[PDB]
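Below, in structure tokens: the form solved without this ligand, a single chain.
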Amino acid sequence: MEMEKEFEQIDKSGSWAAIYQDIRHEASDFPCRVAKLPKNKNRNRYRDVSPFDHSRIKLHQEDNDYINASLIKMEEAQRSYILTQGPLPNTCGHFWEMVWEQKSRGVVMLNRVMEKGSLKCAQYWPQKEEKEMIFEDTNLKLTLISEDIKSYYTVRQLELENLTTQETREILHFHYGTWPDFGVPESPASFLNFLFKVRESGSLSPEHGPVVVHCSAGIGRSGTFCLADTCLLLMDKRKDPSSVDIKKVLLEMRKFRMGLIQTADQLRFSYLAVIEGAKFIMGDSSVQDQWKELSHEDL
């Protein structure tokens, strides 16, 4: 309601850039001293994207507990997310160690391994059933069990095994294939179709650890995904769309990780996705079938 009136106003006055820059100016600034230690330079994909000390995920290793990953703990919405960079060749074991220790059930990947001619993410999961991966540094084994390939995204079932204890867990991998770096999804429908696939899996349940969300830096596409989900959840808990202030929610999220949402068009898209998703939240169940058709997932 109030967010739709605000959307129309911003969009008629052509002021998304100024709205977005105001968010950047008001965003929190907290120290990232661990991320900037010399021994961690090769654990960071981007010099200017670091986790805050207060919200960084710590590995349960005695040597070096550092990974470029942040816990976004949304107190009012009662949902947590782990946002992280795309793993590097030397941090793939750390990534799966974090998944194990945090008891996550789902991993949401919003990028491709190669984008714009460069390698934006290591190949951190196995592409063939018969070629499992072993992470010797963290003593974990990862096997591809099956995969469901749709036209613009893929859902994989992985088996993660702690080789120390021989315990195994099913991890779901939700891989969005058509969301360009620094860009927006092709439509609200295709974004929402994917988001509700993650939701329906149970991966966002409070019974599990936080879902792990990443793109290449873990702030732009990842921030858009989490902002839309949190806004929809807030509206759902209250059953009241007009009670949600997207910009306040984004500023709250930015207390836990810098730079969430990287462009004014990604902010604008977040409004579009939440406004459209509100139709489902407020009881028009049939719109989910509409998104599935408009997303052309079965092509």
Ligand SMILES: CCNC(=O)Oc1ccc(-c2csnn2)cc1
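Start at 1 with the first residue shown and count on from there.
The mean Cα B-factor in the deposited entry runs higher for 148 to 156 than for the other of 148 to 156 and 80 to 88. Taking the PDB entry as given, 204 to 212 carries the higher mean Cα B factor of the two stretches 222 to 230 and 204 to 212. Per the deposited coordinates, the residue with the largest Cα temperature factor out of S104, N111, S118, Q127 is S118. Ranked against the other modelled residues of its chain, the C-alpha B-factor of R33 as given in the entry falls in the middle third. In the PDB entry, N64 places in the highest third of its chain by CA B-factor. When all modelled residues of the chain are sorted by CA temperature factor, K58 is found within the middle third.
In this PDB entry, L71 carries a Cα temperature factor that places it within the lowest third of its chain's modelled residues. Ranked against the other modelled residues of its chain, the C-alpha B-factor of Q123 as given in the entry falls in the lowest third.
Beyond the structure shown, there is the form solved in complex with this ligand, which is absent from this document and is the topic of what follows.
Counting ligand atoms within 2.4 Å of backbone or C-beta atoms, the overlay of this ligand from its pose in the deposited bound form onto the shown chain yields 3 or more, and the pocket is blocked.
Among residues of the shown chain, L232 is one whose heavy atoms approach this ligand to within 4.5 Å in the deposited bound form. Shown here without this ligand, the chain has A189, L192, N193, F196 in 185 to 217 lying with a heavy atom within 4.5 Å of that partner in the deposited bound form.
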